[PDB]
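**Q** here is the sequence, then the experimental structure:
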Amino acid sequence: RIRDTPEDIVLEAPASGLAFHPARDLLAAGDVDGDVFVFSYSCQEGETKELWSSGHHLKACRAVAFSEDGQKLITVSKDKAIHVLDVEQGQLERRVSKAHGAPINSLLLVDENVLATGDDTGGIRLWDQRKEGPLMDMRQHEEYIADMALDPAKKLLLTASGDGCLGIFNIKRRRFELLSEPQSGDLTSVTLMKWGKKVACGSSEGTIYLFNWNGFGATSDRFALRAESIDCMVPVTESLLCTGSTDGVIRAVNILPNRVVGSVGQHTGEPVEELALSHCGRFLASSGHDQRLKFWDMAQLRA
């Protein structure tokens, strides 16, 4: 009998890296040991299987992303390397060792050639797969790069840091633009909302900060959740996003009107590490310190 969502995936180690394939029912995870798994998921009971694993990283895999063409999975690690794996069978195509001088925490694919990486000391690098060495090396942030987001127009890279600042970098000019005023909370998460008009940042105090597009110096608005922290966010619509917190609860949050819509689900009393949205829009995945990937029905929520 086929369910509304795929069954839970049980892991041997908790995963901070999580991403959905842009055209196939595949979910990638990277774990605290450094291993990388790709799972073929299905709403049919018992039909969700491990497709492949890759154990090439030497330390914790902090982030993973599928290329837009669906052929590659790019991964970054505490081992200070970037990996490029083939989606067919997880074969390592490329390892860039000592890509940063510190552990890498964040990864964003700009286009088929260009990507950004963020490290635990706040360093940003931009890469082109066609060119040896970084396009840009920018160290204005003072603390870890938690998360990054991309201008729809692909001109600006937005960074959320533990230093409490939103960072702005110009990809095309290869330069630093500005750091926001620092917030009291560490900025754990950054996502574009309202057709690219608003930047929403989650904080270590359980606050969502809003910035206006091209008003990046200071917040235009803010509101608190009834949660000690927000540690991950993913947009579901132009007005709805989902948050994960250290209390293990996944919340649906509306933006302007700023309102918590409800709890989507929980990893009972275990921190939520990361969220991702299926290429079809139907499923939210959450990765928890309970060592589970859980799938949530977004059709229910989108109404």
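**A** Thanks, I have it. Numbering: from 1, shown residues only.
**Q** determine the number of other residues adjacent to residue 274.
**A** 26 (other C-beta atoms under 10 Å). For the C-beta atoms, the positions are set from N, CA and C on the backbone; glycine is no exception.
**Q** residue contacts, it?
**A** The neighbourhood of residue 274, defined by C-beta atoms under 8 Å, 6 or more residues apart in numbering, consists of 15-18, 232, 244, 286-287.
**Q** out of these, which are buried?
**A** Neighbour-count burial within those applies to 15-18, 232, 244, 286-287; the criterion is 16 or more other C-beta atoms under 10 Å.
**Q** list the buried ones in stretch 198-212?
**A** So, applying 16+ other C-beta under 10 Å, buried residues of stretch 198-212: 198-211.
**Q** ok, residue 287 touching residue 20?
**A** No. Counting by C-beta atoms under 8 Å, residue 287 does not reach residue 20; the two are 12.0 Å apart.
**Q** and residue 114, how many neighbours?
**A** 18.
**Q** which non-adjacent residue is nearest it?
**A** Of all residues not flanking residue 114 in the chain, residue 128 sits nearest, at 5.4 Å (C-beta to C-beta, 6 or more residues apart in numbering).
**Q** what's around the one you found, how many residues?
**A** Residue 128 - counted by other C-beta under 10 Å - has 14 other residues nearby.
**Q** ok, it to residue 285 distance?
**A** Here residue 128 is placed at a distance of 30 Å from residue 285 (C-beta to C-beta, to the nearest Å).
**Q** show me where the stretch 1-150 of the chain has its helices.
**A** With DSSP state H, counting those that start in this stretch as the definition, the stretch 1-150 of the chain shows no helices.
**Q** list the contacts for the residue nearest to residue 114?
**A** 113-114, 135.
**Q** tell me which stretches of the stretch 51-200 of the chain form strands.
**A** Using DSSP state E, counting those that start in this stretch, the strands of the stretch 51-200 of the chain run over residues 61-66, 72-77, 82-86, 92-96, 104-109, 114-119, 124-128, 136-138, 145-150, 156-161, 166-170, 175-179, 187-193, 198-203.
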